[PDB]
Colleague: 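My questions will all concern the structure given below.
Throughout, a chain's letter reflects where its sequence line sits, starting with A, and its residues are numbered from 1.
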Amino acid sequence: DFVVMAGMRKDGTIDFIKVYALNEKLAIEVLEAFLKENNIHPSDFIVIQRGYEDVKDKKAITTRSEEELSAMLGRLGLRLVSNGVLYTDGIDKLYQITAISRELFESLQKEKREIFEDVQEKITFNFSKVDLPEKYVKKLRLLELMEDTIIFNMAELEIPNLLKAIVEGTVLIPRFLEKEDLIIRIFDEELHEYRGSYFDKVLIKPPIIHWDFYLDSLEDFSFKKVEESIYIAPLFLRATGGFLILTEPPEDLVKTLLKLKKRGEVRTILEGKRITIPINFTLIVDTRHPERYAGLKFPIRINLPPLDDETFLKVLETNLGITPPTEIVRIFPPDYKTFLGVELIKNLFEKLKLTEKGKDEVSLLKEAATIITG
Amino acid sequence: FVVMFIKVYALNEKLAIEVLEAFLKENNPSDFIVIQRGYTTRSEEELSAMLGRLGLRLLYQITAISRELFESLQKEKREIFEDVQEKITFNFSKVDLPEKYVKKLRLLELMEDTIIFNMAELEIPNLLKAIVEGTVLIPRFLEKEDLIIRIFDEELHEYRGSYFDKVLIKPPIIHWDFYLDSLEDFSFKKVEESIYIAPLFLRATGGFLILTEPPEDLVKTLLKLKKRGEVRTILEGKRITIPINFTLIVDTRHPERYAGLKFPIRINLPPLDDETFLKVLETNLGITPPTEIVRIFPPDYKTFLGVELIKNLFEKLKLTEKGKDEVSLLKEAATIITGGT
């Protein structure tokens with residue numbers, strides 16, 4: 001019904017505990033029973049991870065079923081034993097709790113920070129995964145230098161999707177920071193792509209974070225309180241080793257972010273406790289008004305011209321899957337000859353075809369143009 | 001009391017509960033969930049057919065099923081009833097409106113987020129309730145980590161049928177006015193332990209949600225949720241994620257408050273002109289008015305609400321001052337409206 005795997009030193013001192021059980025209550029019960037039986041004070045152990053793990057592909061949970069965990073424990077100098085064998089017949093999900101000792105926690109925080117560096121991969125750009133005109137790829141190839149960038153985006157190209165398409169690599173980030181009993185969460189299940197777990201650190205793809213002025217609030221750049229002694233780190237702490245993209249941000253925000261990057265760390269006080277956290281990320285600001293930031297200095301500036309008639313026809317044919325006539329280009333407003341305009345036209349034309357059955361596609365395109373123009 | 005998945009018929013709640021407990025004890029309670037409760041086999045042809053589709057055989061009613069059957073309904077039987085619900089259709093023949101306004105309003109059939117600059121004071125919810133036909137299936141309630149969330153409410157939903165854990169209803173049309181309602185309608189309000197009331201956008205699944213002069217922050221939150229495709233929340237230490245699917249309409253007379261936000265469709269309804277105003281007056285009053293009365297009424301009254309007010313005043317005057325000609329009554333009503341000029 002349950003199983004416990006314990007990793008301890010050569011002298012028998014238990015330092016790592018992992019518990020598999022059917023549900024949460026049984027897992028908590030067996031964890032506390034194991035803590036009590038071995039004469040271990042609960043305050044010396046900090047809970048690192050907990051949740052439902054998939055055991056669909058595992059017949060049973062034995063020491064011979066966990067090899068990656070054995071290697072991880074061996075690298076730190078701990079050996080692992082089990083109190084029994086758990087049979088996962090007819091079971092898909094299983095609740096699991098992972099806890100480590102506090103002294104091991106601070107040793108990892110202060111001295112063992114360079115142990116799992118043989119897992120990260122250098123970031124690379126693979127531009128073959130996107131279908132874009134050649135000149136735009138040439139202009140956008142400057143993003144591989146990994147410097148702060150300002151993009152005069154007159155083509156309305158969506159930077160976050162492009163970056164998510166052509167970025168490969170892996171980075172290692174702390175799951176959460178326990179500073180003076182105060183817990184700050186950095187790993188985000190919504191914005192980060194899980195790729196592994198190494199005790200108190202998580203291996204993910206290089207983060208890409210997006211912030212739109214017209215859709216998001218400025219409270220995201222502050223330590224938001226979720227629960228008592230449980231806070232959420234600001235956006236620039238969740239872009240550690242990745243990209244932070246700002247769409248039409250205020251000038252003061254960009255100035256503050258540049259000064260924070262220059263200083264190298266963020267200092268604050270929460271509930272009468274001092275917090276200081278280092279900063280490491282890359283900044284992209286994509287705007288259509290470039291003179292708003294005339295005082296600030298950006299090493300890289302990229303300008304994107306609007307789509308021309310030939311390129312607009314090519315992109316429209318690629319997106320719609322049909323060949324539009326040339327005179328179509330004369331019935332659309334000049335400000336709609338962008339990538340976003342093409343996407344809007346595609347969606348509206350698809351819905352029109354789904355409604356007005358039986359009409360030809362050219363008439364549907366003309367009706368969509370009339371609807372857009374009004 | 002009669003017991004037939006468990007279905008109990010009884011005269012009162014207490015008898016039904018006692019008989020259900022006795023039946024559960026006799027056959028040798030925690031394995032079942034009461035999914036419905038409140039006010040012959042051949043008579044229940046629909047129930048017999050529904051039980052046959054589940055592989056089984058067949059006042060105050062109680063209806064309960066097992067948790068495993070609940071999971072089977074969630075996963076095995078999530079598309080069996082796509083043949084029982086009709087498609088949403090628009091029929092603009094149930095209302096009498098000018099042609100240039102029906103042509104503009106026909107764009108609502110595309111089912112996209114819309115902003116309506118309503119200078120004609122048209123009643124959007126009444127028009128939509130009049131012209132919309134179809135049926136949809138929505139879950140009666142949602143179970144998430146031993147938490148119950150109410151999705152179906154009797155006041156705002158038009159019942160058409162109940163199929164176990166789901167309800168077939170008319171396409172929902174929810175209306176929210178800034179001056180008349182509170183913002184707690186958009187939060188997971190709690191009534192009793194382990195039972196919560198879903199926000200408005202969860203009770204408008206598959207239908208329309210109309211907002212009247214809403215704040216900008218609420219619109220931003222709704223647009224962000226729609227782009228995300230789901231809502232994530234924390235309740236009593238439990239994380240809950242629920243998908244959302246609805247259409248959003250923002251009715252306003254001050255569109256400059258929503259300049260930054262993006263909507264696929266913008267519909268402008270201009271105020272009535274002389275010809276349309278005369279036509280609407282003739283349609284509603286039941287008499288033919290002359291042209292001079294165009295210059296009597298104040299400009300702001302040349303809308304639909306103004307026409308309704310004029311009709312009410314005309315009916316009152318006709319009730320009071322009997323025997324007079326209708327043109328004189330119309331002129332008197334116009335004089336009363338302007339307060340003697």
Side-chain angles (χ1 to χ4, degrees), chain B residues 85-91 94-95 105 107-116 118 121-142 148-162 166-191 195-231 233 242-253 258 261 263-265 267:
Chain B
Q85 51 198 47
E86 300 84 317
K87 190 179 181 179
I88 281 81
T89 58
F90 276 57
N91 197 23
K94 295 192 181 66
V95 294
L105 288 162
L107 290 180
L108 302 184
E109 206 171 14
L110 302 184
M111 286 270 185
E112 292 287 66
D113 306 2
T114 316
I115 168 179
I116 306 181
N118 192 342
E121 314 264 3
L122 184 52
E123 56 289 344
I124 305 300
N126 295 326
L127 174 67
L128 289 190
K129 288 182 176 180
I131 70 179
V132 164
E133 281 190 344
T135 42
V136 294
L137 260 178
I138 54 102
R140 181 179 306 276
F141 61 93
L142 268 183
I148 297 181
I149 309 173
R150 254 66 175 273
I151 311 299
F152 170 81
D153 64 326
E154 186 77 349
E155 169 171 307
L156 296 175
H157 290 142
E158 297 184 357
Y159 176 86
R160 294 299 183 182
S162 61
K166 296 183 178 180
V167 189
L168 179 79
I169 58 173
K170 296 279 302 304
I173 298 180
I174 308 297
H175 181 212
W176 187 88
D177 200 328
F178 176 49
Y179 300 91
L180 268 49
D181 291 301
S182 178
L183 292 172
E184 287 219 325
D185 298 321
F186 294 105
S187 298
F188 271 89
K189 206 182 191 307
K190 180 177 182 179
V191 178
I195 56 108
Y196 292 13
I197 303 301
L200 278 184
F201 48 78
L202 282 186
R203 307 200 225 100
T205 296
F208 296 82
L209 179 61
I210 306 176
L211 302 186
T212 308
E213 305 280 355
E216 299 82 358
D217 312 333
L218 186 64
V219 189
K220 289 187 176 182
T221 299
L222 294 181
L223 290 176
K224 194 196 311 174
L225 280 175
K226 287 194 60 58
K227 184 181 302 304
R228 190 72 64 259
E230 64 185 13
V231 51
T233 189
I242 293 177
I244 60 177
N245 169 36
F246 65 96
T247 311
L248 186 76
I249 301 180
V250 170
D251 168 27
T252 178
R253 321 214 311 264
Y258 315 95
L261 311 173
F263 297 96
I265 309 177
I267 307 178

Colleague: Please, which pairs that meet salt bridge (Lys or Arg N to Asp or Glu O under 4.0 Å) have at least one residue in residues 207-222 of chain B, sequence neighbours excluded?
Modeller: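 Counting only pairs at least two positions apart or across chains, the salt bridge (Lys or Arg N to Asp or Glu O under 4.0 Å) contacts touching residues 207-222 of chain B are B:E213-B:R257, B:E216-B:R257.
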
Colleague: Name each donor-acceptor pair under 3.5 Å that joins a side chain in residues 124-138 of chain B to protein atoms two or more places apart or in another chain, with its distance.
Modeller:
| unit_1 | atom_1 | unit_2 | atom_2 | d |
| --- | --- | --- | --- | --- |
| B:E133 | OE2 | B:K94 | NZ | 3.2 |
| B:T135 | OG1 | B:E86 | N | 2.6 |
| B:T135 | OG1 | B:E86 | OE1 | 2.3 |

Colleague: More than 12 heavy atoms of other residues, nucleotides or ligands under 6.0 Å from CZ of B:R140: is that the case?
Modeller: yes

Colleague: With B:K190, which residues qualify under side chain to side chain donor-acceptor pair (under 3.5 Å), at least two apart?
Modeller: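 Residues passing side chain to side chain donor-acceptor pair (under 3.5 Å) with B:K190: B:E236.
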
Colleague: Could you tell me which non-hydrogen atom of B:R203 sits nearest to which non-hydrogen atom of B:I197, and how far apart they are?
Modeller: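 So the two residues come closest at NH2-CG2, 3.4 Å.
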
Colleague: Measure the acute angle between the ring planes of B:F208 and B:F90, then classify it against the limits of 30° and 60° as parallel, tilted or perpendicular.
Modeller: perpendicular

Colleague: Compare all side-chain heavy atoms of B:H157 with those of B:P172 and state whether any distance is below 4.5 angstrom.
Modeller: yes

Colleague: Here's a test for you: under side chain to side chain contact (heavy atoms under 4.5 Å, CB included), which of B:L261, B:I115, B:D113 qualifies with B:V219?
Modeller: B:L261

Colleague: With side chain to side chain contact (heavy atoms under 4.5 Å, CB included) as the criterion, how do B:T114 and B:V250 come out once you've worked through the C-alpha distance, each side chain's angles and the decisive distance to 0.1 Å?
Modeller: CA-CA 6 Å; B:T114 316; B:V250 170; over 6 Å; no

Colleague: Over all heavy atoms of both residues, which pair between B:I88 and B:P171 is shortest? Give the atoms and the distance, please.
Modeller: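 Reported closest heavy-atom pair: CG1-CG, 3.7 Å.
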
Colleague: Using the ring of each side chain (for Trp, its six-membered ring), is B:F201 parallel, tilted or perpendicular to B:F186, with breaks at 30° and 60°?
Modeller: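 Parallel, since the angle between the ring planes stays under 30°.
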
Colleague: Verify, without hydrogens or angle tests, whether B:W176 (side chain) and B:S182 (backbone) share a donor-acceptor contact under 3.5 angstrom.
Modeller: yes

Colleague: Write down the atom of B:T205, the atom of B:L202, and the distance for their closest heavy-atom approach.
Modeller: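 Scanning both residues completely, I find the closest heavy atoms to be OG1-O, 2.9 Å.
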
Colleague: Under the criterion side chain to side chain contact (heavy atoms under 4.5 Å, CB included), I'd like the reasoning laid out for B:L209 against B:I249: C-alpha separation, chi angles, the key distance, then a yes or no.
Modeller: CA-CA 6 Å; B:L209 179 61; B:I249 301 180; over 6 Å; no

Colleague: Identify the two heavy atoms, one from B:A198 and one from B:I151, that lie closest to each other, and give their separation to 0.1 Å.
Modeller: CB-CD1, 3.9 Å

Colleague: On a heavy-atom basis, which atom in B:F246 and which in B:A204 lie closest, and how many Å separate them?
Modeller: CB-O, 3.3 Å

Colleague: Which heavy atom of B:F178 sits nearest a heavy atom of B:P215, and at what distance?
Modeller: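 So the minimum-distance heavy-atom pair works out to CE1-CG, 4.0 Å.
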
